[PDB]
Amino acid sequence: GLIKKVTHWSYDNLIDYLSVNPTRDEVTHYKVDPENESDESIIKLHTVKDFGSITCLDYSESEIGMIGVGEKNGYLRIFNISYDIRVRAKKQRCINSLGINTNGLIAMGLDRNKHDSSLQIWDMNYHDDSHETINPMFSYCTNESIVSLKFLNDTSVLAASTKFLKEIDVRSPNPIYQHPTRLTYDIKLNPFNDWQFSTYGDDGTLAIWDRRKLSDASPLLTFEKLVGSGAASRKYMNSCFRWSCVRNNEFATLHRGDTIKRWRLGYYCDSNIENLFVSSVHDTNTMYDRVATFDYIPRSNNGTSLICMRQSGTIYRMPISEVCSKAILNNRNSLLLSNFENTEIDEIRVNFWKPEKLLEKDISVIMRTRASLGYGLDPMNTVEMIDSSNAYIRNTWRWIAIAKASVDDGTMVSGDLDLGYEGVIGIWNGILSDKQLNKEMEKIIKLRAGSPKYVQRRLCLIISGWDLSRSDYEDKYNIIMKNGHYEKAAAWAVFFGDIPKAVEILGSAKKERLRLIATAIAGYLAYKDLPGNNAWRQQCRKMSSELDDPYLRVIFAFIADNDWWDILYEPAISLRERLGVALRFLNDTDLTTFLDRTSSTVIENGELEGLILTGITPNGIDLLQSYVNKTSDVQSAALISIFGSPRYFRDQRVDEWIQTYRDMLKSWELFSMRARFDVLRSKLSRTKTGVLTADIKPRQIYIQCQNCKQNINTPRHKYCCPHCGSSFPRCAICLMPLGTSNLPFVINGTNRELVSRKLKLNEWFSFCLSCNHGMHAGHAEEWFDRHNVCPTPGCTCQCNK
Amino acid sequence: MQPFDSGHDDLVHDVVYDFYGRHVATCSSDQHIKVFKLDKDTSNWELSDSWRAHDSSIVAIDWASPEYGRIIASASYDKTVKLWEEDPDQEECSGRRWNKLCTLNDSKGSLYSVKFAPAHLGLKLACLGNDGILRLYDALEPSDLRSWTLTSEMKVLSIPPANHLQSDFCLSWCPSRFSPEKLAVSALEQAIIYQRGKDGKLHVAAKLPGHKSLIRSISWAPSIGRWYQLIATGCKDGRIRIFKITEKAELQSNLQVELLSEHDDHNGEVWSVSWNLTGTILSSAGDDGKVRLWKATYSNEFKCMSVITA
Ligand SMILES: [Zn+2]
Ligand SMILES: [Zn+2]
Ligand SMILES: [Zn+2]
Ligand SMILES: [Zn+2]
């Protein structure tokens, strides 16, 4: 089976193809449309039968239809598809190879005969039609067996014998070179570079050559046992190797009739001859097995399809899939896809899951949107952001707002005690003396019993934000009702024990379902004296089991079988509201057990609502580390940590989180938010004494004084040298000493508040780092709007750009 | 999946983002580097500059850290690494927007991967070609960025690979400034984690096992603050191996390697693997024409997600 791609025959987009059946009997002329992948695109045009056994085939590029077909019996038949003449040599022998040139010149490769040439080149225009034997213009290679030949140009032919590899020019009676090699079968010129050709041998060793290396001699590449064997023994061999006509430095090979390996080559010039090496091999499984030969179909946009002929002679068309070579992500969750075939690059922006929705729901874009909206700079602003647009984040930022208000108002600052951002667990579990800790806890309550540990309960109520009065309870009810959350107000009323107040609140609501729930809750007040076990209690238990709203589930589960342990163990409600009833309506014998179980749950689970219990202690840092391990939310971890991590202790994990969040803010080009984060870190590192503990950015200006040649940094309106008192170096424009505000003039350099800020910003200290010449900011802006050189005499430095 | 045509006349080999994600640089076998920018108004990828760089196919380019300027390195098959600095006082789409800085001619082999070091280690660089030699170049002179001095020169492979056998080399730095200097180096079928010892020389620190065939891509997951380092690996097999690295003679700290997961979903060769900014999404491309995204749900084990066909 032979498939031979034909160019320069069709004026349309179609590509002509020539085929030979595996029994070597007929020549079929095809026409494959490149843009249609169906099997019907292979159009059969004509079939020329009555051939004995075809050993070689060639076509003429200049004249459409002219096809030369050689045979093993010795007869070359030149005919047309789109006359018919049989020609032969003087001595009849097998035609191994055949080549028809563009200028009508026809060559012939024959077997070994001692009295005749095996490379007979002649023109058909000077052939006598009365004789079968040819009269060759040029004869070469006597007593040899030319097994492959190819026409490089209009004059030279690259012929291959059984022991040599020749290049013969018809204008000279001597071959140009004769390189001895055993890989001399099926010469294939590279369509993108005529200097590179490619033969193989009897053992299957393919070799890509260079003609300049042989002319001057090693092969440029060699592949041991890559193609089929039996080149010398068998005359009817399927070409299982094709050069790429879609792009340079590529070839395809056929292996076992199942896979096609597209070997992509790389080149380097040791400095015109390029030394080749194999860069990548791409394997494509065939659509059908038992493929003997194949050929390329070029498509648009550098596409590739392979017309394949099976062992049974069936011809089918198979596409080459677009394999992605690189899928790089982004800091904006943007995916960029590069193919191995064409040039264009695919992009999946952010604007089995969908790709866009999966990239939109990742935390790398959630953190970016939150940082754009100003997340963490003020906890009340975070709560208002979340409430206007993942409910544990709102709860932990509400607690952080409460604790920051307690610290900022001096409720925990006063005394010989820190107690700053300390959780419920640390207060309840104790830890210089027991009486000393008791009296410093007492002085906090003596600033704004019935239990063995009563002051600890008061401090835990202060930390958790659950020390509101009855009037404050009614105010909180009104505030919660004002947002439309009637269920939350009813839950808050039940939490404080005011069940009739919950009945009143859920009464006169805006929903019929809420009114039915209010009637159900109202069916308890006369029922509290009953022992129970009613069908109504079973109805309430089933309703609490089936309801989706967690607050109404709390109410219906608490009303039937009125114990507090059925409310303060679920994770549906907030831990702050759970501690609002655990510290208020429960006794100290089981409170320590509840606090221990909840702390042990939230430390290893990594819930942000555990900061009620642990605070911003090192155990809180462990909780945040588990949260980072579970969610990769380093933004919330950093903004939580900076409240107390450098101020009260020091650990490396918080430094890692701060550096990572700052690098991510730099990568999103949110430099203003990074600076706000830095000033928030510096503001929150103030201790009770007042010493900063933050690792602030170090000084970058160390001005040398001109009068004393010493450092000025070893005056809110005028800066001078501390050693001698001399002023700063003068401005280059107005010759006034720099570093002084309130100049006698107005620097009007190149909404009244912004204008005044610009005017008072124009008189600053600006200088070039290449020529070290100082200016006012407004003076430098006004000077470089008209000029491009430094204003000092004798300096040539374009400080603008 | 909106496509934009980059304009190369041949196969686009390496596409890399910058730090800010608004610039992409594409290198190809037409010996050209094209830098594209994303306008905030048009919201489309427009070409900034295209210029001829090497005498062979450019196969690896990388951006430097933005605190050192605008530097693009470029590795090609002509055994050279060229450094490209951008002068903003030149016209776009002119070929003179990016000025050449240096040529690193020390490589006796066609280079495959170049990755810049993280910014806390300096203006370093890494090289890996078909000679088995890992080369590190530092810009120790602050006045001019044209004198890049070779500092480290290891030998990943004993002998260079043969002319006719395919080979692949990939590099990956550790982007953590709270850990010693590491470099994930992939040989043909060997993956090595290096460390900078107390003597100032690179030492073999750990070896990622498995890897029955060629390694196409190595990607270190970004250090978000977690206590374990993650390395993703795409092989010539269908395997996407994710290694969990935990860190605790002449090395600062020893480190252990645990194969977290191994997935055979591609049924081909995993050509590239890449991470997100936070290391939560793993993008892998294979010979099935599919790009698969991977995430860790309910545990540390990575599970598949959206599959994008092309
Ligand atoms: Zn002085
Ligand atoms: Zn001035
Ligand atoms: Zn100057
Ligand atoms: Zn200057």
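Residues numbered from 1 in each chain as written, not as in the entry; some residues may be left out. Chains lettered and ligands numbered in written order. Part of a larger assembly, values for the part shown. Heavy atoms only, no water.

Method of structure determination, per the deposited record: cryo-EM was used for this entry, reaching 2.95 Å resolution.

Participant: Sorry, what's going on with the packing of helix 10 (residues 486–495) of chain A against helix 11 (residues 499–506) of chain A here?
Facilitator: The relative placement of two packed helices is expressed as an angle between their axes plus a distance between the axes. Residue and element names in this part refer to chain A. Two numbers describe how helix 10 lies on helix 11: the axes approach to 7 Å, and their chain directions differ by 170°. As far as their axial angle goes, helix 11 and helix 10 are roughly antiparallel. Viewed along their axes, helix 10 and helix 11 form a crossing whose handedness is right-handed. Where helix 10 abuts helix 11, its residues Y486, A489, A490, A493 and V494 lie against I499, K501, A502, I505 and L506. Partitioned by chemical class, the residues of the contact of helix 10 with helix 11 number nine nonpolar, no polar and one charged. (Axes fitted to C-alpha atoms, helices over the stretch in contact; angles between N-to-C directions. Helix = DSSP H or I, 4+ residues; strand = E, 2+ residues; numbered from the N terminus. Parallel < 35°, antiparallel > 145°, perpendicular 65-115°, else oblique. Left-handed = near helix turned anticlockwise from the far one by under 90°. Contact = heavy atoms within 4.5 Å. Nonpolar A, V, L, I, M, F, W, Y, C, P; charged D, E, K, R; others polar.)

Participant: I tried to follow the interface of chain B and chain A on my own but got confused; where do I start?
Facilitator: How large an interface is tends to be reported as the accessible area lost when its parts come together. Contacts between the two partners involve 74 residues from chain B and, on the opposite side, 77 residues from chain A. Summing both sides of the interface, chain B and chain A together bury roughly 6600 Å²; the carbon and sulfur share of this comes to 55%. Note that B:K79 is salt-bridged to A:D270, the shortest N-O span being 3.3 Å. Those elements that provide at least two residues to the side of chain B that touches chain A are strand 1 (2–4), strand 2 (12–17), strand 22 (272–274), strand 23 (282–285), strand 24 (290–296) and strand 25 (302–309) of chain B. Considering every element that reaches the side of chain B that touches chain A, the biggest residue donor is strand 2 of chain B, with six residues. For the side of chain B that touches chain A, the class distribution of residues is 32 nonpolar, 29 polar and 13 charged. As judged from the three bridges shared by strand 29 (residues 345–348) of chain A and strand 1 of chain B, these two strands associate in the antiparallel manner. Directly across from A:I345, in strand 1 of chain B, lies its bridge partner B:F4. (Buried area = accessible area lost by both parts, 1.4 Å probe. Salt bridge = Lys/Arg side-chain N within 4 Å of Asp/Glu carboxyl O. Pairing = 2+ DSSP bridges.)

Participant: Quick question: what am I supposed to make of the sheet that holds strand 17 (residues 202–208) of chain B here?
Facilitator: The strands that make up a sheet pair up through hydrogen bonds in the backbone, lying either parallel or antiparallel. Residues and elements named next belong to chain B. Taken in spatial order, the four strands make up an open sheet running 14-15-16-17, and their pairing is antiparallel. Unpaired on one side and paired on the other, strand 14 (170–173) and strand 17 mark the two borders of the sheet. For this sheet, the mean inter-axis angle between neighbouring strands, taken without regard to orientation, is 25°. Sheet analysis places strand 16 (residues 191–196) next to strand 17, joined by six bridges and oriented antiparallel. When the bridges of strand 17 are listed, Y194 appears paired with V204.

Participant: What's the story with the pattern of salt bridges in this structure? I'm lost.
Facilitator: Once their charged atoms are close, side chains differing in charge can pair, the charge on each being opposite to the other. Residues and elements named next belong to chain A. Counting across every chain of the model gives 56 salt bridges over all chains. Salt-bridge contacts for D210 lead to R212; the nearest nitrogen and oxygen are separated by 3.2 Å. Owing to a relative accessible area of 24%, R212 belongs among the partly exposed residues under this scheme. Between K446 and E442 there is a salt bridge, with the nearest N and O atoms lying 3.6 Å from each other. Among the charged side chains, a salt-bridge network with shared partners connects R247, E250, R262, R264 and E341. (Buried < 20%, exposed > 50% of the residue type's maximum accessible area, 1.4 Å probe, protein only.)

Participant: I'm lost on a nonpolar patch on the surface in this one. Help?
Facilitator: Together, A:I701, A:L761, A:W764, A:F765, A:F767 and A:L769 make up a nonpolar patch on the protein surface, roughly 600 Å² of accessible area in all. Relative to the assigned elements, A:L769 resides in the loop between strand 30 (766–767) and strand 31 (774–775). (Patch = residues over 30% accessible without salt bridge, like charges linked within 9 Å, V, L, I, M, F, W, Y side chains within 5 Å. Areas by Shrake-Rupley, 256 points an atom, 1.4 Å probe, with all protein chains shown as cover.)

Participant: Would you mind going over the coordination of the zinc ion (ligand 4) with me for this structure?
Facilitator: Six octahedral donors around a metal ideally make angles of 90 or 180 degrees; four tetrahedral donors ideally make 109.5 degrees. Residue and element names in this part refer to chain A. Note on the zinc ion (ligand 4): its protein donors are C768 (SG), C771 (SG), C797 (SG) and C799 (SG). The metal-donor distances range over 2.3 Å. Considering all four donor atoms around the zinc ion (ligand 4), the spread of angles at the metal, 106 to 112°, places the coordination shape in the tetrahedral class. Considered as a linear motif, the donors of the zinc ion (ligand 4) on their single chain read C-x2-C-x25-C-x1-C. Here the zinc ion (ligand 4) and the zinc ion (ligand 3) are spaced 4.1 Å apart, with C771 acting as a shared donor. With a gap of 29 residues between them, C768 in the loop between strand 30 and strand 31 and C797 in the segment after helix 24 (777–783) connect regions that are remote in the sequence. According to the relative accessible area criterion, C768 is buried, its value standing at 13%. (Donors = N, O, S within 2.8 Å, 3.2 Å for Na, K, Ca; no water. Tetrahedral: all angles 85-135°; square planar, octahedral: opposite > 155°, others 65-115°.)

Participant: What should I look at first to understand the sheet that holds strand 25 of chain B in this one?
Facilitator: All names here are of chain B. What the four strands build is an open sheet, ordered 22-23-24-25; its pairing is antiparallel. Of all strands in the sheet, those bounded by a partner on one side alone are strand 22 and strand 25. On average, each strand axis in the sheet is inclined to that of its neighbour by 20°, with strand direction left out of account. Judged from the four bridges that link them, strand 23 and strand 24 form a sheet pairing that is antiparallel. Within strand 24, the position partnered with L282 by the bridge is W294.

Participant: What am I meant to see in the coordination of the zinc ion (ligand 3) here?
Facilitator: Only A:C771 (SG), A:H773 (ND1), A:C790 (SG) and A:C795 (SG) from the protein reach the zinc ion (ligand 3) as donors, at distances of 2.1 to 2.3 Å. In primary-sequence terms, the residues that donate to the zinc ion (ligand 3) follow C-x1-H-x16-C-x4-C.

Participant: Which parts of the structure should I look at to understand the environment of A:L214?
Facilitator: All names here are of chain A. Mapped onto the elements of the fold, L214 is located in helix 1 (residues 211–215). Residues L214 and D169 lie 45 residues apart in sequence; the distance between their C-alpha atoms is 15 Å. If we ignore the near neighbours within four places in the chain, the residues touching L214 are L165, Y177, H179, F197 and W209.

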